[PDB]
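Each ligand, and each atom within it, is numbered from 1 in the order the structure gives. Along the sequence shown, residues carry numbers from 1.
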Amino acid sequence: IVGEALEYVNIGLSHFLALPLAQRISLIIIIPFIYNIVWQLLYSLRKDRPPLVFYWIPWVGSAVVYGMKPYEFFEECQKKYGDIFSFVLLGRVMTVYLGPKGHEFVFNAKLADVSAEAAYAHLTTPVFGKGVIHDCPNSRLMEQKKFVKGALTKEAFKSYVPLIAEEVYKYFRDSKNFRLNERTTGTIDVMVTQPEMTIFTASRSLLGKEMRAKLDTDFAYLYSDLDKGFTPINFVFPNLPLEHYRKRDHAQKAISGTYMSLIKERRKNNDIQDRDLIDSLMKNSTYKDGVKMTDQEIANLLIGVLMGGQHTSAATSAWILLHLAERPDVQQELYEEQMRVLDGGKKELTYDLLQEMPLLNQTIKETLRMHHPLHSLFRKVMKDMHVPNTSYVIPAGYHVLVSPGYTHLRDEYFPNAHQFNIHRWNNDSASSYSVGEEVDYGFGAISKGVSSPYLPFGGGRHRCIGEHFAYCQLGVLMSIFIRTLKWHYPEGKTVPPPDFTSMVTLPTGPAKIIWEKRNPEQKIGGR
Ligand code: HEM
Ligand SMILES: C[C@@H](c1ncncc1F)[C@](O)(Cn1cncn1)c1ccc(F)cc1F
Ligand SMILES: OC[C@H]1O[C@@H](O)[C@H](O)[C@@H](O)[C@@H]1O
C-alpha cells in the first residue's frame, strides 16, 4: 500500500500552511528562485530552441545588462552561443538573431509570423493617441506610411530647404546658446541645442508656420511634457497615477487639439494648399476600403511622426557635432566642399546643391553607422517560426530582436568599425539604395532583400519613410554649422559614450562643445 504516501502528502500540505510567517515568506522567494534555475537547466536540453542566456533573478532576466550595455551583451552572447540566442527580459523571452541573416529573418518575416504593433503598442499609443501607428492593423499602418510619404517628395524638399535654413539662422541669432550678432565664441551642451533646433526646423517645414509660431509661447512646455512620456518605462508602467503620466496625457490632448483646431479651421476656409504635412494629410488620408482618417487620428499621426523624427534626428545631429569637434580635418574638408559647391557662399543652398555635397552626406552616413539611434527592433512572434538551416523553432509568444546597429560596429563588415571615417563611403554617399529587386507593401517600392550589413533605416514592411527628410534636415543644418562655425572640445574632453537606457542611443550628458564664429563680423539680419 502506497495510499499512505497520499495521506502524508495531505499532512505535509497542512504542515506547510502552518509554517510561521518568516518561513512562508522565506519559501515565497526560495521556491520560485529554485524552480527558475531548475527550469533553465531542463530548457538547455531542448534541441529545437536557441540557447538561453542564464539568469538568476526570475522575471527580471538579463534586463540590467541588456538595458545598460546592449552591444556588449550581444558580443559576449555571440561568442558563447553564436548568432542566435534567447534571453529573458522583464517577463518576456527575446530571441536575438545577429548579423545580416538576422536582418533577413526579422525584417523580412511574414506578416502572419510576427507583429511589430503587438510589441510596441504599449510604448507609443499612450504618447501618440489612439487609432494610429501601433494602435491599428498593419494594413492601416501601411497606408498611413503612404499618406505621410506623400508630403515627402523631391519638390517638397525643394521648398523645405530654405525654410529649414531660415530656422537655423534664426536659432543662431536668437538662442541664448549662440547670439551670433553679439558673441563670437561660446560653449553649448549639444543635448540642449540639438533637440531645440530639431523641433524648430521640423515644425516649420512639416507642420507649417502656425505650429512653428506656437513654439514661441508657453505651448512649448506641452511638447516637453509629451516628450517626457516617450520613455522605455511604458513597457512596464504605461499608466500610473502620477504627475508624469498626467502631464503627458494632458499634453497629448492639448497638442492634438491644437492640430485639430488648425485642421478644422483650414477646411472651414477651404485654405488647403500644398505647404506642409497637414495640408497633405487633409487631402490624402482615405484608406483603400473608403474609410477616412478622423481629425483626431490625423493629429495623432502628426504627433507620432514628429516625435519619432524628433528623437532620431536630434540624436544624430548631436553625434555629428560631437565627432567633428575632435576632427578639425573633417571640418576643414567639409568647409572646402561648401566653398566649391556654393561658389564661395554666393550661391543659396538648395535641395539640388545638397545632392552635390557628397562629403557632407557621407558624414551623416558614417554617423548613422557608428550611432544607430535604435539599438534594438522588436517583433512579437505570432506563429511558430523555423529558423532556416537549423533545428530551432521560435514558438509563438516569444519576441524576436534584430540589431542592425550592432552589425554596423563589426570589423568583419566595416574595417576598423570603431573609427569614424567618412571616406569609407567614397563613391557611395547615398543614404541607402536597393541593391536589386524591389517590393511594395503599401507605401512605395523598397528593396526586397534586407541582408545589407548597413541598415540605418531598417527594411521590409516597417522600413523608415523619414530617411530623405532626415538627410535634407541634417544636411541643411550641418551645411550652415560648417559655413558659420568651427568648434572643438573643452580641454581633456572627448566623444562621450552612448546612453542606451533612453528611447534612442543619445550621447551621455553633459556633452559640451566650444564654438567660434568663422567670420566674427558676420551679422544675421531680420527682426
Ligand atoms: C536619422 C533619422 C532616422 C533613423 C535612423 C530612422 C530609423 C528607422 C528605423 C530603423 C525604422 C524601422 C523600425 C522597425 O523596423 O521596427 C524606422 C521606421 C519608421 N520611421 Fe524612421 N528613422 C529616422 C528618421 C525618421 C523621420 C524623420 C521620420 C518621419 C518624418 C521617421 C518615420 C518613421 C516611420 C513612419 C517608420 C515606420 C514604422 C513602422 O512601419 O513600423 N523616421 N525608422
Ligand atoms: C516605434 C519607435 C521605436 N521603435 C523601436 N525602438 C525605439 C523606438 F522609439 C519608432 O520606430 C522610432 N522611430 C523610427 N523613426 C523615427 N522614430 C517610431 C516609428 C514610427 C513613428 F511614427 C514613431 C516612432 F517613434
Ligand atoms: O508640391 C508637392 C506637395 O505635396 C503636398 O501634398 C505636400 O503637402 C507638400 O509638402 C508638397 O510640397
J.: Starting from atom 2 (C) of ligand 3, find the nearest protein heavy-atom neighbour and note its residue, name and distance.
T.: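 Heavy-atom neighbour on the protein nearest atom 2 (C) of ligand 3: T153 OG1, 4.1 Å.
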J.: May I ask you to identify the nearest protein heavy atom to atom 11 (C) of ligand 3, giving residue, atom name and distance to one decimal place in Å?
T.: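 Here the nearest protein heavy atom works out to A156 CB, 3.6 Å.
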J.: Counting heavy atoms only, which part of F128 comes closer than 4.0 Å to ligand 2: side chain, backbone, both or neither?
T.: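 Side chain only.
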J.: Should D279 and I272 count as side-chain neighbours, where that means a heavy-atom distance under 4.5 Å?
T.: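 They are in side-chain contact.
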J.: Keeping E366 on the side-chain end and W425 on the backbone end, is there a donor-acceptor pair under 3.5 Å?
T.: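 No: the side chain of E366 does not pair with the backbone of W425.
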J.: Considering heavy atoms of the protein only, find what lies nearest to atom 28 (C) of ligand 1 and give residue, atom and distance to 0.1 Å.
T.: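 Its nearest protein heavy-atom neighbour is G466 CA, 3.5 Å.
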J.: To check your reading of the model: name the closest protein heavy atom to atom 5 (C) of ligand 3, its residue, and the distance in Å.
T.: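 Atom 5 (C) of ligand 3 sits closest to the protein heavy atom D274 OD1, 3.6 Å.
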J.: So between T312, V305, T367, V148, whose heavy atom ends up nearest atom 23 (C) of ligand 1?
T.: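 The residue whose heavy atom sits nearest atom 23 (C) of ligand 1 is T312.
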J.: Using protein heavy atoms only, decide if any is under 4.0 Å from atom 1 (C) of ligand 2.
T.: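 For atom 1 (C) of ligand 2 the answer is yes, since some protein heavy atom falls inside 4.0 Å.
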J.: Short question: side chain of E297, backbone of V132 - any donor-acceptor pair under 3.5 Å?
T.: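 No.
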J.: Step by step, would you call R248 with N239 a side chain to side chain donor-acceptor pair (under 3.5 Å)?
T.: CA-CA 10 Å; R248 174 198 74 189; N239 295 284; 3.3 Å; yes
J.: Return the orientation label for the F235 and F378 ring planes: parallel under 30°, perpendicular over 60°, tilted otherwise.
T.: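 Answer is perpendicular, since the angle exceeds 60°.
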J.: Counting only heavy atoms not in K448, do more than 12 sit closer than 6.0 Å to its NZ atom?
T.: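 No, because the 6.0 Å sphere around NZ of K448 holds 12 heavy atoms or fewer from other groups.
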J.: Need the ligand 2 atom indices (1-based, order shown) with element for anything under 4.0 Å from a heavy-atom of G304.
T.: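 In order of numbering, the contacting atoms are 21 (C), 22 (F), 23 (C).
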J.: Is a side-chain donor-acceptor pair under 3.5 Å present for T95 with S86?
T.: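 Their side chains do contain a donor-acceptor pair, which is all the 3.5 Å distance test asks for.
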J.: Please report the interatomic distance CE(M307) to CD1(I199), rounded to the nearest 0.5 Å.
T.: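 Going from the CE atom of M307 to the CD1 atom of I199 covers 8.5 Å.
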J.: Does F73 reach the side chain of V96, with side-chain heavy atoms less than 4.5 Å apart?
T.: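 No. Closest side-chain heavy atoms not under 4.5 Å.
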J.: Distance to 0.1 Å, residue and atom name: give those for the protein heavy atom nearest to atom 8 (O) of ligand 3.
T.: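 The closest heavy atom on the protein side is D276 O, 2.6 Å.
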J.: If you measure from atom 4 (C) of ligand 1 to every heavy atom of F443, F107, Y120, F457, which option wins on shortest distance?
T.: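 The nearest heavy atom belongs to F457.
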J.: So for ligand 1, is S313 a polar contact partner (N or O within less than 3.5 Å, distance only)?
T.: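 No, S313 has no N/O under 3.5 Å of an N/O on ligand 1.
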J.: Hey, are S317 and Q194 close enough side-chain-wise for a donor-acceptor pair under 3.5 Å?
T.: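 Side chains of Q194 and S317: pair found under 3.5 Å.
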J.: If you measure only the distance, is there a donor-acceptor pair under 3.5 Å linking the side chains of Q362 and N426?
T.: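 Looking only at side-chain atoms, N426 and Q362 do form a donor-acceptor pair, the distance falling under 3.5 Å.
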J.: Would you check if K69 and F500 make a side-chain contact, meaning some heavy-atom pair closer than 4.5 Å?
T.: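 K69 vs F500: side chains apart.
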J.: Between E155, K154, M282, which one has a non-hydrogen atom sitting closest to atom 1 (O) of ligand 3?
T.: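 The option holding the nearest heavy atom is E155.
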J.: Looking at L377, which atoms of ligand 2 are within less than 4.0 Å of one of its heavy atoms?
T.: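 Matching atoms, with element in brackets: 5 (C).
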J.: Considering only protein heavy atoms, determine whether one is less than 4.0 Å from atom 16 (C) of ligand 2.
T.: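 Under the 4.0 Å cut-off, atom 16 (C) of ligand 2 does have protein heavy-atom neighbours.
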J.: May I ask whether atom 5 (C) of ligand 2 is less than 4.0 Å from at least one protein heavy atom?
T.: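 When distances to the protein are checked, atom 5 (C) of ligand 2 has a heavy atom within 4.0 Å.
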J.: State whether the shortest distance between N or O atoms of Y160 and N or O atoms of ligand 3 falls below 3.5 angstrom.
T.: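 Yes, at least one N or O pair falls under 3.5 Å.
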J.: What residue and heavy atom of the protein are closest to atom 15 (O) of ligand 1, and at what distance?
T.: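 Looking only at protein heavy atoms, the one closest to atom 15 (O) of ligand 1 is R379 NH2, 2.8 Å.
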J.: For ligand 2, which atoms, with element, lie under 4.0 Å from some heavy atom of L374?
T.: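 Answer, ordered by atom number: 7 (C), 12 (C), 14 (C).
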J.: So does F443 get a backbone contact from the side chain of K149, meaning a donor-acceptor N/O pair under 3.5 Å?
T.: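 Answer holds: yes.
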J.: In the protein, which heavy atom is nearest to atom 20 (C) of ligand 2, and how far is it?
T.: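 Looking only at protein heavy atoms, the one closest to atom 20 (C) of ligand 2 is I133 CG2, 4.5 Å.
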J.: Considering only heavy atoms of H134, which atoms of ligand 2 have at least one such atom less than 4.0 Å away?
T.: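 Within the 4.0 Å cut-off of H134, ligand 2 contributes 1 (C).
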J.: Only heavy atoms count here, so choose which of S205, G150, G208 is nearest to atom 4 (O) of ligand 3.
T.: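 The residue whose heavy atom sits nearest atom 4 (O) of ligand 3 is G150.
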J.: Measure the distance from atom 24 (C) of ligand 2 to every protein heavy atom, then report the residue, atom name and distance (to 0.1 Å) of the closest one.
T.: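 In this structure, atom 24 (C) of ligand 2 has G308 CA, 4.0 Å as its nearest protein heavy atom.
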J.: Non-hydrogen atoms of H372 versus ligand 1: any pair closer than 4.0 Å?
T.: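 Distance cut 4.0 Å: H372 passes for ligand 1.
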J.: Is any N or O atom of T316, backbone or side chain, closer than 3.5 Å to an N or O atom of ligand 1?
T.: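 No.
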